[PDB]
Amino acid sequence: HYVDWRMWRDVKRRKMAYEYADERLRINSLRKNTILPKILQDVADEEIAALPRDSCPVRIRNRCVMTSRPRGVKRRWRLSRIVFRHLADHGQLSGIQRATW
Amino acid sequence: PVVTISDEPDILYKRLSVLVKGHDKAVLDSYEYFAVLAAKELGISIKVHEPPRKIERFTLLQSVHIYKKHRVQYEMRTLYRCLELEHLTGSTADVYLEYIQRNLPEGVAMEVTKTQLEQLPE
Amino acid sequence: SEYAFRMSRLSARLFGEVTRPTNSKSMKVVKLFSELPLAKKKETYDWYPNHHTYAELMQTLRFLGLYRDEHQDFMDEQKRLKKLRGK
Amino acid sequence: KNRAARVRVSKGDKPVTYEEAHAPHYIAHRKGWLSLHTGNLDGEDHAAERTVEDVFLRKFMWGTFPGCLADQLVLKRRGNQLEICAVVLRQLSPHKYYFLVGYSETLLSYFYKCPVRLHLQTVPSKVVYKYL
Amino acid sequence: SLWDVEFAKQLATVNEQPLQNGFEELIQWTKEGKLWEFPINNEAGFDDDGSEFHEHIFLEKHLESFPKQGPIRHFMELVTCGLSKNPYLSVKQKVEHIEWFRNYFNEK
Amino acid sequence: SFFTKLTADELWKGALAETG
Amino acid sequence: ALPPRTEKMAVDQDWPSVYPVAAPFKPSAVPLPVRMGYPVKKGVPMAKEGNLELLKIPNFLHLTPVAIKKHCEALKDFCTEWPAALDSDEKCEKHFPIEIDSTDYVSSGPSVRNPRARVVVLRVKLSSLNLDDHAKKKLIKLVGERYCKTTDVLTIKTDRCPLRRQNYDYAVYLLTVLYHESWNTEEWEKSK
RNA sequence: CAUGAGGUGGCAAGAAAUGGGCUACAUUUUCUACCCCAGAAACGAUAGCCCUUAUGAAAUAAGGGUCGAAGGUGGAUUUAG
Ligand SMILES: [Mg+2]
């Protein structure tokens with residue numbers, strides 16, 4: 001009942017990130033120093049590596065909510081430049097008017 | 001009815017500024033007028049100025065597929081209105097806000113109310 | 001200047017922030033703790049709203065008889081036609 | 001040939017309503033915005049969230065009121081409110097409509113945690129602007 | 001006392017009239033807790049268990065015991081500072097984080 | 001999904017294909 | 001059933017009761033024959049009794065001037081008038097030093113949680129503080145980007161903790177501690 | 001029991017041809033000051049090479065050294081105002 005499998009995957013990834021975020025942050029903190037030993041840093045890195053992928057925050061791709069398309073997606077509305085346009089034209093978004101300029 | 005009076009000192013608000021953002025100009029004007037009518041009636045010295053409109057613009061493709069040159073650009077305008085109120089007791093100010101904030105127009109009209117305290121030094 | 005340094009230190013102490021001197025690298029940690037992480041932001045985890053809920057509820061409503069997915073009805077009709085046919 | 005919302009001249013038969021008969025370039029000019037909320041002003045938050053809700057609501061209304069919406073809705077918000085103005089045909093019995101309305105109010109309210117109170121506009125036929 | 005409750009309910013019912021006006025409706029809504037308490041605070045709730053700034057910011061107390069000369073301590077201090085700088089995390093959360101860190105340290 | 005759905009008229013039009 | 005409450009409406013009437021609270025248009029309720037729309041090439045602006053445009057308009061059918069006046073009259077209670085601390089802000093300054101000034105935003109929708117509202121600054125005049133000799137020399141040194149020289153105004157800004165009141169409290173405390181520090185000179189000071 | 005779904009790894013490099021950009025080829029210039037009265041000079045800036053920095057689980061960008069190509073105003077033709 002999401003639009004496609006890609007969307008579902010994305011959602012799952014997001015969920016994973018939400019679950020494991022704090023820990024990840026902590027590990028990054030541990031890593032990213034000149035303060036404190038090298039061995040410890042190495043260990044931290046190893047731990048991070050071990051931690052499962054998709055919990056990774058970078059794999060989180062932005063799509064449109066309505067049509068599962070990755071590009072032309074305004075982050076202000078979270079919808080594609082087709083869907084958004086459609087919304088705009090009928091007049092279903094307040095404020096959005098055509099730039100006569 | 002039923003107001004009551006506490007024994008504690010009421011809080012003092014100085015030059016209470018209020019900035020109304022809106023999409024449509026006429027509506028904003030009307031709102032301003034209403035505010036003026038209110039405040040004056042109450043017994044509050046106020047004034048109004050209109051700070052300059054902002055227009056965030058952004059462009060996207062007219063087609064679905066290919067055809068790059070051919071674009072459509074949108075804009076979402078916002079115009080402002082100051083409503084700076086010169087000197088009042090705190091309760092009164094609150095009441096005024098209530099009168100205003102409840103019955104402001106829908107979506108269009110969004111005020112930002114910079115209240116300004118005074119107090120003793122500590 | 002030593003006096004200036006001392007003053008700076010004092011200021012830092014007053015305003016909570018890093019008192020002991022350090023690099024641009026170690027400030028990263030501080031920044032991180034100041035911020036939320038990218039994954040815990042309400043834009044991120046709640047980017048796609050529910051969806052499942054929206055669908056399921058609609059379906060339930062349709063079943064009840066208080067709402068009509070016209071598209072869904074059309075699809076059903078098509079399916080029926082197919083069944084009648086070939087299939 | 002740009003051809004977004006603009007309904008197309010086929011003959012002199014097509015009965016078209018005022019919102020329906022006006023191209024997107026008129027939105028500020030000879031038309032108004034259907035939805036109304038603070039999100040799209042700047043700087044201001046929670047636009048995306050609102051948009052989805054708006055999209056949902058119209059659809060829901062259509063589902064509920066089948067052949068009983070003359071023209072597209074008007075969604076409004078005032079703090080913690082969600083007012084709706086639906087132009088409805090005088091087709092069904094009023095009792096049925098009443099039954100529907102309360103249900104819609106309750107269901108929507110429970111969904112969005114926002115007291116809805118929609119107000120209907122009974123008109124016998126679709127209000128024609130042009131026979132396009 | 002269920003009987004008492006029932007009686008009260010009955011009394012309430014007896015008292016009732018219809019909605020009368022829009023103002024009345026609004027009042028009712030307010031009483032219920034559906035509408036907001038004007039003028040708006042952007043606060044109502046979210047009280048953070050009576051914190052009073054020092055509980056959020058000054059983390060000498062929540063720092064706990066560990067060697068006060070090494071790089072580890074510096075790191076901890078930095079972390080504390082970061083936490084203090086933070087608004088969005090609660091009082092509990094910061095403390096929890098600190099505890100976790102401590103545990104980790106102990107483990108090594 | 002629910003948002004991927006749409007009105008009936010459009011669907012009908014699509015089906016018919018009476019506009020080459 | 002007719003155009004009711006329009007054909008049977010009195011010329012000269014308590015209008016505020018017909019539209020008390022803000023609501024949509026309702027052309028049956030409204031007596032005015034308003035025509036809202038762009039005219040057709042050789043026709044008329046669209047009639048009252050079935051327009052979307054009218055509905056769309058945010059409306060001030062409530063808040064008629066008379067109604068507003070009445071409301072004001074009703075609310076002459078709730079309103080303790082402020083004393084003779086006078087205009088010009090000189091007298092006030094003399095009496096009340098310090099100027100705290102936190103904002104609060106009123107957005108639409110189900111939530112009211114806007115972070116921006118929590119922030120608070122504390123603009124206090126340094127001459128109006130009036131208890132510093134050597135501390136004037138030290139306070140400035142302590143407090144870098146704040147303290148304007150054209151108008152002697154210390155302006156601490158608090159953005160750390162979530163609540164507004166707590167932030168304010170912190171700011172107050174910050175100021176006090178700063179003052180104390182300025183007053184209480186250290187030993188190392190001498191190396192100027 | 002697959003043109004469906006999930007996982008791990010990978011996939012993009014040019015013998016070439018051609019399109020559209022950027023940068024030059026210098027003295028109306030190059031460098032430094034100043035952002036338009038100055039003082040010096042007699043270019044160009046990739047390709048790599050190493051070294052950092054940023055990002056991020058993980059190297060694409062940014063800076064510094066080094067190096068320091070071709071090019072020494074462009075043919076038939078053609079592009080814009
Ligand atoms: Mg064109």
# chains A, B, ... in the order shown; residues from 1 in each chain; ligands from 1

$ closest_atom_pairs --of "chain B" --to "ligand 1" --cutoff "12 Å" --atoms "only C-alpha atoms and all ligand atoms" --output "JSON lines"
{"residue": "B:61", "atom": "CA", "partner": "ligand 1", "partner_atom_place_in_ligand_line": "1 (Mg)", "distance": 11.2}
{"residue": "B:62", "atom": "CA", "partner": "ligand 1", "partner_atom_place_in_ligand_line": "1 (Mg)", "distance": 8.2}
{"residue": "B:63", "atom": "CA", "partner": "ligand 1", "partner_atom_place_in_ligand_line": "1 (Mg)", "distance": 9.7}
{"residue": "B:67", "atom": "CA", "partner": "ligand 1", "partner_atom_place_in_ligand_line": "1 (Mg)", "distance": 10.3}
{"residue": "B:68", "atom": "CA", "partner": "ligand 1", "partner_atom_place_in_ligand_line": "1 (Mg)", "distance": 11.6}
{"residue": "B:69", "atom": "CA", "partner": "ligand 1", "partner_atom_place_in_ligand_line": "1 (Mg)", "distance": 9.7}
{"residue": "B:70", "atom": "CA", "partner": "ligand 1", "partner_atom_place_in_ligand_line": "1 (Mg)", "distance": 6.5}
{"residue": "B:71", "atom": "CA", "partner": "ligand 1", "partner_atom_place_in_ligand_line": "1 (Mg)", "distance": 8.3}
{"residue": "B:72", "atom": "CA", "partner": "ligand 1", "partner_atom_place_in_ligand_line": "1 (Mg)", "distance": 9.3}

$ interface_residues --of "chain G" --to "chain D" --cutoff "9 Å" --atoms "only C-alpha atoms" --output "MDAnalysis selection string"
chainID G and resid 23:27 37:38 40 46 49:53 55:58 106:112 114

$ write_last_selection --atoms "C-alpha atoms" --output "short mmCIF file (atom, residue, chain, number, x, y, z; two decimals), in the first residue's frame"
data_model
loop_
_atom_site.label_atom_id
_atom_site.label_comp_id
_atom_site.auth_asym_id
_atom_site.auth_seq_id
_atom_site.Cartn_x
_atom_site.Cartn_y
_atom_site.Cartn_z
CA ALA G 23 -17.66 31.00 9.32
CA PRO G 24 -18.10 30.45 5.54
CA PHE G 25 -20.32 32.56 3.27
CA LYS G 26 -23.82 30.93 3.14
CA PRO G 27 -25.62 33.00 0.43
CA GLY G 37 -16.45 36.59 -10.62
CA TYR G 38 -14.97 37.63 -13.95
CA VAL G 40 -18.43 36.31 -19.42
CA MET G 46 -21.44 35.32 -11.34
CA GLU G 49 -26.18 31.65 -4.63
CA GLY G 50 -23.53 29.17 -5.88
CA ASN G 51 -20.01 30.65 -6.10
CA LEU G 52 -16.81 28.94 -5.05
CA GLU G 53 -14.94 32.24 -5.26
CA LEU G 55 -16.41 30.68 -0.31
CA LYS G 56 -12.67 30.89 -0.98
CA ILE G 57 -12.55 34.56 0.22
CA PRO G 58 -11.42 34.61 3.92
CA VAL G 106 0.71 31.45 15.67
CA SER G 107 0.74 28.94 12.80
CA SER G 108 -2.17 26.87 11.45
CA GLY G 109 -2.70 23.10 11.68
CA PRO G 110 -3.01 20.42 14.42
CA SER G 111 0.40 21.00 16.13
CA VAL G 112 1.59 24.17 17.90
CA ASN G 114 7.37 25.80 16.78
#

$ residues_around --residues "residue 92 in chain D" --least-positions-apart "5" --cutoff "10 Å" --atoms "only C-alpha atoms (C1' of nucleotides)" --output "VMD selection string"
chain D and resid 65 67 to 68 97

$ write_last_selection --atoms "C-alpha atoms" --output "mmCIF file, in the first residue's frame"
data_model
loop_
_atom_site.group_PDB
_atom_site.id
_atom_site.type_symbol
_atom_site.label_atom_id
_atom_site.label_comp_id
_atom_site.auth_asym_id
_atom_site.auth_seq_id
_atom_site.Cartn_x
_atom_site.Cartn_y
_atom_site.Cartn_z
ATOM 1 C CA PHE D 65 -20.528 12.125 -1.548
ATOM 2 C CA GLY D 67 -22.418 12.486 -7.580
ATOM 3 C CA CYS D 68 -23.072 15.028 -4.793
ATOM 4 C CA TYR D 97 -26.813 14.074 4.022
#

$ interface_residues --of "chain C" --to "chain H" --cutoff "12 Å" --atoms "only C-alpha atoms (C1' of nucleotides)" --output "PyMOL selection string"
chain C and resi 24-25+28

$ write_last_selection --atoms "N, CA and C atoms" --output "tab-separated table (two decimals), in the first residue's frame"
chain	number	residue	atom	x	y	z
C	24	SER	N	39.83	22.37	15.41
C	24	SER	CA	38.59	22.35	14.63
C	24	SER	C	38.00	20.94	14.53
C	25	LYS	N	38.86	19.92	14.59
C	25	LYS	CA	38.43	18.51	14.52
C	25	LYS	C	37.59	18.05	15.71
C	28	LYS	N	33.79	19.06	16.20
C	28	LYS	CA	32.81	18.30	15.45
C	28	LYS	C	31.86	17.56	16.39

$ closest_atom_pairs --of "chain E" --to "chain D" --cutoff "8 Å" --atoms "only C-alpha atoms" --output "tab-separated table"
residue	atom	partner	partner_atom	distance
E:34	CA	D:115	CA	6.4
E:35	CA	D:80	CA	5.7
E:36	CA	D:80	CA	6.5

$ write_last_selection --atoms "N, CA and C atoms" --output "tab-separated table (two decimals), in the first residue's frame"
chain	number	residue	atom	x	y	z
E	34	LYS	N	-10.15	20.27	22.67
E	34	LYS	CA	-9.94	20.11	21.23
E	34	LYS	C	-9.26	21.36	20.67
E	35	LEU	N	-9.87	22.52	20.92
E	35	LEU	CA	-9.28	23.81	20.52
E	35	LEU	C	-8.13	24.21	21.43
E	36	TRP	N	-7.36	25.19	20.98
E	36	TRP	CA	-6.21	25.70	21.72
E	36	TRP	C	-6.59	26.78	22.72

$ closest_residue --among "G:174, G:100, G:9, G:36" --to "chain E" --atoms "only C-alpha atoms"
G:174

$ residues_around --residues "residue 82 in chain E" --least-positions-apart "4" --cutoff "6 Å" --atoms "only C-alpha atoms (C1' of nucleotides)" --output "JSON, numbers by chain"
{"C": [30, 33, 34]}

$ residues_around --residues "range 60-70 of chain E" --least-positions-apart "3" --cutoff "12 Å" --atoms "only C-alpha atoms (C1' of nucleotides)" --output "count of residues only"
35

$ select_by_dssp --residues "chain F" --states "helix (DSSP H, G or I)" --output "number ranges by chain"
F: 8-16

$ residues_around --residues "range 68-78 of chain H" --least-positions-apart "2" --cutoff "9 Å" --atoms "only C-alpha atoms (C1' of nucleotides)" --output "ChimeraX atom specification"
/H:24-26,44-47

$ interface_residues --of "chain F" --to "chain A" --cutoff "8 Å" --atoms "only C-alpha atoms" --output "JSON, numbers by chain"
{"F": [1, 2, 3, 4]}

$ write_last_selection --atoms "N, CA and C atoms" --output "PDB file, in the first residue's frame"
ATOM      1  N   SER F   1      -1.101   2.158  -3.758  1.00  0.00           N
ATOM      2  CA  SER F   1      -1.481   3.058  -2.624  1.00  0.00           C
ATOM      3  C   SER F   1      -2.857   3.702  -2.832  1.00  0.00           C
ATOM      4  N   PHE F   2      -3.229   4.597  -1.918  1.00  0.00           N
ATOM      5  CA  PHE F   2      -4.454   5.398  -2.024  1.00  0.00           C
ATOM      6  C   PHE F   2      -4.233   6.672  -2.845  1.00  0.00           C
ATOM      7  N   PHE F   3      -3.083   7.320  -2.654  1.00  0.00           N
ATOM      8  CA  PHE F   3      -2.742   8.537  -3.406  1.00  0.00           C
ATOM      9  C   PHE F   3      -2.424   8.257  -4.877  1.00  0.00           C
ATOM     10  N   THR F   4      -1.969   7.039  -5.184  1.00  0.00           N
ATOM     11  CA  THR F   4      -1.716   6.623  -6.572  1.00  0.00           C
ATOM     12  C   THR F   4      -3.021   6.442  -7.379  1.00  0.00           C
TER      13      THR F   4
END
